[PDB]
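Enquirer: Sequence first, structure after; it's an experimental one.
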Amino acid sequence: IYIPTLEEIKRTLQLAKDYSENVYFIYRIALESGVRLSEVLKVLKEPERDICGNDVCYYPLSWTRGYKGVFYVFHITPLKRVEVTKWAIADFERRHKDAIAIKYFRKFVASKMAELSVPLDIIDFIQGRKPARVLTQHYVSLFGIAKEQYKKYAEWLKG
């Protein structure tokens, strides 16, 4: 298993910014949140629903696949509307052969969150791998527990 280095992540962000401010921003929210590309595209299609606090922002997404559940896209940068072709990202990735593929940004987030002692199953929850079934104790508790761990990562991003 390979994991991107901070410098590969930064290089990619800088290339992304040159290519397009919107592609940069997709990458950036991928880096803040550790969610899948398709979930980042959903939150940026409708930034209205984003909730921000003193330290940290969150965007609830439903998940109705097998059971009905909820998870959150955590981040630190206020959202803005972004809609780009599906092809722009792929295009970006293809021209810069030193650019980290966006899907491997999650692996950087997990790795870094582990280094900051976020428990593995909160990492999974934060990343949207195991959404909380609605109206269960997990639903009651997980958001608040996740938010508190996410602050360690927010703190690190703010550098």
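Expert: Alright, I've got the coordinates. Numbers count the residues shown, from 1 in each chain.
Enquirer: quick one: residue 73 is in a strand?
Expert: Yes. Counting by DSSP: H, G, I helix; E, B strand; the rest coil, residue 73 is located in a strand.
Enquirer: Could you double-check that it lies in contact with residue 128?
Expert: Yes. Contact criterion Cβ atoms under 8 Å: residue 73 and residue 128 qualify, at 7.4 Å. Where you see a C-beta, it was placed from the backbone N, CA and C, and this is true even at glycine.
Enquirer: As a check, name the ranges of all strands in the protein.
Expert: For the chain, strands defined by DSSP state E occupy the ranges 51-52, 57-63, 69-75, 132-133.
Enquirer: Go through those and name the closest to residue 112.
Expert: Between residue 112 and the strands of the chain, the shortest gap by Cβ to Cβ is with strand 69-75, which sits at 13.4 Å.
Enquirer: Kindly present the strands of the chain as CSV, with separate columns for mean neighbour count and distance to residue 30.
Expert: Shown next, in CSV, are these (neighbours: other Cβ atoms under 10 Å; distance: least, Cβ to Cβ, whole Å):
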stretch, mean neighbour count, distance to residue 30
strand 51-52, 12, 19
strand 57-63, 18, 13
strand 69-75, 23, 10
strand 132-133, 18, 22
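Enquirer: To residue 102, which of the ones you listed lies closest?
Expert: Closest of the strands of the chain to residue 102 is strand 69-75, at 14.7 Å (criterion: Cβ to Cβ).
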